[PDB]
Amino acid sequence: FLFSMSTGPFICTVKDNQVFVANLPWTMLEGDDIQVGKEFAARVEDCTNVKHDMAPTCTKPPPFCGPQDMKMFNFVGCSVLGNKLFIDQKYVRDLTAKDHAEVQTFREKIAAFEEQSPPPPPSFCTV
């Protein structure tokens with residue numbers, strides 16, 4: 001398809017200080033949080049690969065995994081997670097009001113297309 005959407009929680013882990021949420025580079029840990037990232041990452045690997053348990057009671061995601069109920073929108077060319085934009089799996093910027101407007105226009109066009117010339121992806125998916 002040309003669109004998919006979901007609500008958290010998403011899989012969260014850390015590699016080389018980089019926090020990944022839904023496979024996107026959400027934020028990077030510094031200072032006294034670095035070791036916390038290491039412990040968490042270990043916990044995630046143990047929970048997932050050894051216990052075969054992905055429940056938060058096992059993984060215990062720290063607050064740096066972001067809001068556990070944030071929304072994700074996937075378009076052709078880019079994705080929005082929470083209020084952050086990613087292109088080619090790289091953070092671009094925080095969404096602006098205009099960006100949110102494009103998201104709703106796209107959702108409304110996808111709806112139109114469904115009951116129906118598919119909508120083009122939001123302009124922010126380019127460059």
# chains A, B, ... in the order shown; residues from 1 in each chain; ligands from 1
call {"tool": "closest_atom_pairs", "arguments": {"of": "range 83-109 of chain A", "to": "range 23-37 of chain A", "cutoff": "8 Å", "atoms": "only C-alpha atoms", "output": "tab-separated table"}}
result
residue	atom	partner	partner_atom	distance
A:86	CA	A:24	CA	7.5
A:89	CA	A:24	CA	5.7
A:90	CA	A:25	CA	6.6
A:91	CA	A:25	CA	6.8
call {"tool": "write_last_selection", "arguments": {"atoms": "N, CA and C atoms", "output": "PDB file, in the first residue's frame"}}
result
ATOM      1  N   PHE A  86      11.243  11.368   9.661  1.00  0.00           N
ATOM      2  CA  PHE A  86      12.383  10.544   9.262  1.00  0.00           C
ATOM      3  C   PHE A  86      12.329  10.211   7.773  1.00  0.00           C
ATOM      4  N   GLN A  89      15.254   6.451   7.085  1.00  0.00           N
ATOM      5  CA  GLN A  89      15.562   6.095   8.467  1.00  0.00           C
ATOM      6  C   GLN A  89      16.479   7.054   9.203  1.00  0.00           C
ATOM      7  N   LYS A  90      16.417   8.334   8.838  1.00  0.00           N
ATOM      8  CA  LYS A  90      17.241   9.359   9.472  1.00  0.00           C
ATOM      9  C   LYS A  90      16.380  10.540   9.916  1.00  0.00           C
ATOM     10  N   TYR A  91      16.606  11.017  11.133  1.00  0.00           N
ATOM     11  CA  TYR A  91      15.839  12.150  11.647  1.00  0.00           C
ATOM     12  C   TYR A  91      16.064  13.377  10.781  1.00  0.00           C
TER      13      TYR A  91
END
call {"tool": "closest_atom_pairs", "arguments": {"of": "range 9-87 of chain A", "to": "range 122-125 of chain A", "cutoff": "12 Å", "atoms": "only C-alpha atoms", "output": "tab-separated table"}}
result
residue	atom	partner	partner_atom	distance
A:73	CA	A:122	CA	10.9
A:74	CA	A:125	CA	10.1
A:75	CA	A:122	CA	7.7
A:76	CA	A:125	CA	7.8
A:77	CA	A:125	CA	5.7
A:78	CA	A:125	CA	5.1
A:79	CA	A:125	CA	7.7
A:80	CA	A:125	CA	9.4
A:84	CA	A:124	CA	11.4
A:85	CA	A:125	CA	8.3
A:86	CA	A:125	CA	8.2
A:87	CA	A:125	CA	6.7
call {"tool": "write_last_selection", "arguments": {"atoms": "C-alpha atoms", "output": "CSV table (one decimal), in the first residue's frame"}}
result
chain,number,residue,atom,x,y,z
A,73,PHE,CA,2.5,7.3,10.0
A,74,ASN,CA,4.3,5.6,7.1
A,75,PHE,CA,4.2,7.2,3.6
A,76,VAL,CA,6.1,6.4,0.4
A,77,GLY,CA,9.4,8.0,1.0
A,78,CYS,CA,9.2,8.8,4.7
A,79,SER,CA,7.7,8.2,8.1
A,80,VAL,CA,6.5,10.3,11.0
A,84,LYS,CA,9.4,13.7,14.4
A,85,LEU,CA,10.1,13.2,10.7
A,86,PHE,CA,12.4,10.5,9.3
A,87,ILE,CA,13.6,10.1,5.7
call {"tool": "atom_distance", "arguments": {"atom1": "CA of residue 58 in chain A", "atom2": "CA of residue 46 in chain A"}}
result
9.0 Å
call {"tool": "select_by_dssp", "arguments": {"residues": "range 62-122 of chain A", "states": "alpha helix (DSSP H)", "output": "list in words"}}
result
residues 97, 98, 99, 100, 101, 102, 103, 104, 105, 106, 107, 108, 109, 110, 111, 112, 113, 114 and 115 of chain A
call {"tool": "write_last_selection", "arguments": {"atoms": "C-alpha atoms", "output": "short mmCIF file (atom, residue, chain, number, x, y, z; two decimals), in the first residue's frame"}}
result
data_model
loop_
_atom_site.label_atom_id
_atom_site.label_comp_id
_atom_site.auth_asym_id
_atom_site.auth_seq_id
_atom_site.Cartn_x
_atom_site.Cartn_y
_atom_site.Cartn_z
CA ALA A 97 2.01 22.90 12.08
CA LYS A 98 2.21 22.89 8.27
CA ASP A 99 3.57 19.33 8.39
CA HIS A 100 0.68 18.16 10.56
CA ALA A 101 -1.67 19.79 8.07
CA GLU A 102 -0.13 17.75 5.27
CA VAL A 103 -0.57 14.56 7.28
CA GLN A 104 -4.29 15.18 7.72
CA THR A 105 -4.70 16.17 4.05
CA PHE A 106 -3.02 12.92 3.09
CA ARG A 107 -5.16 10.82 5.43
CA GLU A 108 -8.25 12.55 4.08
CA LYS A 109 -7.09 11.88 0.49
CA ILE A 110 -6.31 8.25 1.26
CA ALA A 111 -9.85 8.00 2.63
CA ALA A 112 -11.19 9.63 -0.55
CA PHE A 113 -9.08 7.24 -2.68
CA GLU A 114 -10.51 4.27 -0.79
CA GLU A 115 -14.18 5.15 -1.30
#
call {"tool": "atom_distance", "arguments": {"atom1": "CA of residue 52 in chain A", "atom2": "CA of residue 18 in chain A"}}
result
23.3 Å
call {"tool": "residues_around", "arguments": {"residues": "residue 71 in chain A", "least_positions_apart": "2", "cutoff": "6 Å", "atoms": "only C-alpha atoms", "output": "count of residues only"}}
result
4
call {"tool": "select_by_dssp", "arguments": {"residues": "range 86-115 of chain A", "states": "strand (DSSP E)", "output": "list in words"}}
result
residues 86, 87, 90, 91, 92, 93 and 94 of chain A
call {"tool": "residues_around", "arguments": {"residues": "residue 12 in chain A", "least_positions_apart": "3", "cutoff": "7 Å", "atoms": "only C-alpha atoms", "output": "PyMOL selection string"}}
result
chain A and resi 20-22+65
call {"tool": "atom_distance", "arguments": {"atom1": "CA of residue 116 in chain A", "atom2": "CA of residue 5 in chain A"}}
result
20.3 Å
call {"tool": "decode", "arguments": {"residues": "range 52-87 of chain A", "atoms": "N, CA, C and O atoms", "output": "compact mmCIF listing (two decimals), in the first residue's frame"}}
result
# COMPACT_ATOMS: atom_id res chain seq x y z
N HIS A 52 11.77 -15.03 25.22
CA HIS A 52 10.73 -14.97 24.18
C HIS A 52 9.52 -14.25 24.78
O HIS A 52 8.38 -14.70 24.67
N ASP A 53 9.80 -13.11 25.42
CA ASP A 53 8.79 -12.31 26.10
C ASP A 53 9.04 -10.84 25.80
O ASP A 53 10.02 -10.27 26.27
N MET A 54 8.17 -10.23 25.01
CA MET A 54 8.33 -8.82 24.66
C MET A 54 7.44 -7.86 25.46
O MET A 54 7.32 -6.68 25.12
N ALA A 55 6.83 -8.35 26.53
CA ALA A 55 5.97 -7.49 27.34
C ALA A 55 6.80 -6.42 28.06
O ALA A 55 7.96 -6.65 28.40
N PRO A 56 6.21 -5.24 28.29
CA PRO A 56 6.97 -4.20 28.99
C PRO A 56 7.36 -4.62 30.41
O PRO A 56 8.30 -4.06 30.98
N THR A 57 6.66 -5.59 30.98
CA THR A 57 7.02 -6.02 32.33
C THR A 57 8.38 -6.71 32.30
O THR A 57 9.06 -6.80 33.32
N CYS A 58 8.78 -7.19 31.12
CA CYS A 58 10.09 -7.82 30.98
C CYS A 58 11.11 -6.78 30.49
O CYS A 58 12.20 -6.66 31.06
N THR A 59 10.77 -6.06 29.43
CA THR A 59 11.70 -5.08 28.87
C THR A 59 11.90 -3.82 29.72
O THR A 59 12.99 -3.26 29.75
N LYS A 60 10.84 -3.39 30.41
CA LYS A 60 10.92 -2.19 31.24
C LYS A 60 11.53 -1.00 30.49
O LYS A 60 12.60 -0.50 30.87
N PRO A 61 10.87 -0.53 29.42
CA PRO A 61 11.37 0.59 28.63
C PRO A 61 11.52 1.90 29.40
O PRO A 61 10.57 2.37 30.03
N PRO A 62 12.72 2.49 29.37
CA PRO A 62 12.96 3.75 30.08
C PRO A 62 12.23 4.90 29.38
O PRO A 62 11.78 4.78 28.23
N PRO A 63 12.12 6.04 30.06
CA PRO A 63 11.41 7.14 29.40
C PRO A 63 12.01 7.62 28.08
O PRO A 63 11.31 8.27 27.29
N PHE A 64 13.27 7.29 27.81
CA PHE A 64 13.88 7.75 26.58
C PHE A 64 13.42 6.99 25.35
O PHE A 64 13.84 7.29 24.23
N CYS A 65 12.56 6.00 25.56
CA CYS A 65 11.96 5.27 24.45
C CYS A 65 10.81 6.11 23.91
O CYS A 65 10.15 5.74 22.93
N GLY A 66 10.56 7.24 24.58
CA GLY A 66 9.49 8.13 24.14
C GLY A 66 8.10 7.75 24.63
O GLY A 66 7.91 6.71 25.25
N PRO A 67 7.10 8.60 24.36
CA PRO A 67 5.72 8.32 24.78
C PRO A 67 5.29 6.94 24.30
O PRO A 67 5.38 6.63 23.11
N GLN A 68 4.82 6.09 25.21
CA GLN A 68 4.43 4.74 24.83
C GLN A 68 3.16 4.66 23.98
O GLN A 68 2.82 3.59 23.47
N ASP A 69 2.47 5.77 23.81
CA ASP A 69 1.26 5.77 23.00
C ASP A 69 1.38 6.70 21.79
O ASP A 69 0.37 7.06 21.19
N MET A 70 2.59 7.09 21.42
CA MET A 70 2.70 7.98 20.28
C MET A 70 2.28 7.28 19.00
O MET A 70 2.22 6.05 18.95
N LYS A 71 1.94 8.07 17.98
CA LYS A 71 1.49 7.54 16.70
C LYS A 71 2.58 7.55 15.64
O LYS A 71 3.50 8.36 15.66
N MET A 72 2.46 6.62 14.70
CA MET A 72 3.42 6.54 13.61
C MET A 72 2.61 6.52 12.33
O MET A 72 1.54 5.92 12.26
N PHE A 73 3.13 7.20 11.31
CA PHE A 73 2.50 7.26 10.00
C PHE A 73 3.61 6.96 8.99
O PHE A 73 4.67 7.59 9.01
N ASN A 74 3.35 6.00 8.12
CA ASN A 74 4.33 5.61 7.12
C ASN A 74 3.84 5.91 5.71
O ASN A 74 2.81 5.39 5.29
N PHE A 75 4.59 6.75 5.00
CA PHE A 75 4.25 7.16 3.64
C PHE A 75 5.30 6.62 2.69
O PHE A 75 6.29 6.04 3.12
N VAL A 76 5.09 6.83 1.40
CA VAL A 76 6.05 6.41 0.40
C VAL A 76 7.16 7.45 0.44
O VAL A 76 6.95 8.62 0.08
N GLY A 77 8.33 7.04 0.92
CA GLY A 77 9.45 7.97 0.98
C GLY A 77 9.81 8.43 2.37
O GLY A 77 10.94 8.87 2.59
N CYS A 78 8.87 8.35 3.31
CA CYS A 78 9.19 8.79 4.66
C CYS A 78 8.19 8.37 5.73
O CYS A 78 7.10 7.87 5.42
N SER A 79 8.58 8.56 6.99
CA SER A 79 7.74 8.20 8.13
C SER A 79 7.73 9.28 9.20
O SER A 79 8.70 10.04 9.36
N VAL A 80 6.63 9.34 9.94
CA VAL A 80 6.48 10.27 11.05
C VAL A 80 6.25 9.39 12.28
O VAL A 80 5.41 8.49 12.27
N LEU A 81 7.02 9.63 13.33
CA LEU A 81 6.88 8.88 14.57
C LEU A 81 6.79 9.96 15.63
O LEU A 81 7.69 10.80 15.76
N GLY A 82 5.70 9.94 16.39
CA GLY A 82 5.51 10.96 17.40
C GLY A 82 5.39 12.23 16.60
O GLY A 82 4.61 12.33 15.65
N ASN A 83 6.16 13.23 16.95
CA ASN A 83 6.08 14.44 16.17
C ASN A 83 7.43 14.69 15.54
O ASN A 83 7.90 15.81 15.49
N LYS A 84 8.04 13.61 15.05
CA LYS A 84 9.36 13.69 14.41
C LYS A 84 9.32 13.06 13.02
O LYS A 84 8.68 12.05 12.81
N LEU A 85 10.03 13.69 12.08
CA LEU A 85 10.08 13.23 10.69
C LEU A 85 11.38 12.49 10.37
O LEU A 85 12.46 12.94 10.76
N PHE A 86 11.24 11.37 9.66
CA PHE A 86 12.38 10.54 9.26
C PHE A 86 12.33 10.21 7.77
O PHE A 86 11.29 9.78 7.27
N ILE A 87 13.46 10.40 7.09
CA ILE A 87 13.56 10.05 5.67
C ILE A 87 14.77 9.11 5.55
O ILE A 87 15.85 9.40 6.08
